[PDB]
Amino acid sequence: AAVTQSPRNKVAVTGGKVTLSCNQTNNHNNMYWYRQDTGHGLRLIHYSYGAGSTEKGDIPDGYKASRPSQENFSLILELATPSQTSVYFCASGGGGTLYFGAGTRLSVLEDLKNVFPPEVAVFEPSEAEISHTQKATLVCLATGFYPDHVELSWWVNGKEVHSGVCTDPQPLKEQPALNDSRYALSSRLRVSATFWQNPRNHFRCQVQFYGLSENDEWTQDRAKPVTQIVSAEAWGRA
């Protein structure tokens, strides 16, 4: 769309300063900031009537807004709280109708050390399944990641595929009792028996993980949980 948000993924920390930015190219006088939380739908935080304008929304507490120009509307989180962990949407307001951006997922945690990338594993189809259904179901498993900023995709011979694919709409709490709990996600790519039984065919479950930016200081001896792609693979057999 003509409305863009930056960043799209942000791992914040309790007490840190977070600034969401939203640029437009539509000359719409009004710009809006919403946040989405399950059970509450979409709630208004701040909006603007034009350059220099700032109006409070339904839930403005904790947030600060800024309209330096006609095109830019920014949201400022001075003291980040875990309650501000949500999906944020920006909008342009020409007339009454609204035009939304792709959105931004923000997670605010107590400790940055709890951020982990996923462990990706591809499981080969069952021979008993192939024998029965004349089909082959591969299963990708992304485990032990936090938070849930993952995007899964299947790649067959270099190309991203969408057919014969189903991925879990939500990850799983590995230790459901904990407030901070790593996640697990599964996916399913199903093809014909013949296509899987072709040894010159390459399969790959690709998991996109969004973590820390470069600016965050990391002192943990283990690799900095930056935005990265973890992936597993499998080849055709007979």
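Residue indices: 1-based, along the sequence shown.
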- Between 118-126 and 131-139, the record assigns the higher mean Cα B factor to 131-139
- Comparing 176-184 with 25-33, which stretch shows the greater average C-alpha B-factor in the deposited entry? 176-184
- Residue with maximal Cα B-factor (values as given in the PDB entry) among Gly164, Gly101, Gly158, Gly144: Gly144
- Query: If you check the C-alpha B-factor for each of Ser107, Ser153, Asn72, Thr97 in the entry, which is highest?
  - Reply: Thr97
- Task: Tell me, lowest, middle or highest third: where does the Cα B factor of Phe195 rank within its chain?
- Result: highest
- Third of the chain's Cα B-factor distribution that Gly57 belongs to, per the entry: lowest
- Message: Is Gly41 in the lowest, middle or highest third of its chain when residues are ranked by C-alpha B-factor?
- Response: lowest
- Message: Quick check for you: using the entry's CA B-factors within this chain, is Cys205 in the lowest, middle or highest third?
- Response: highest
- Task: Could you tell me which third, lowest, middle or highest, the C-alpha B-factor of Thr85 occupies within its chain?
- Result: middle
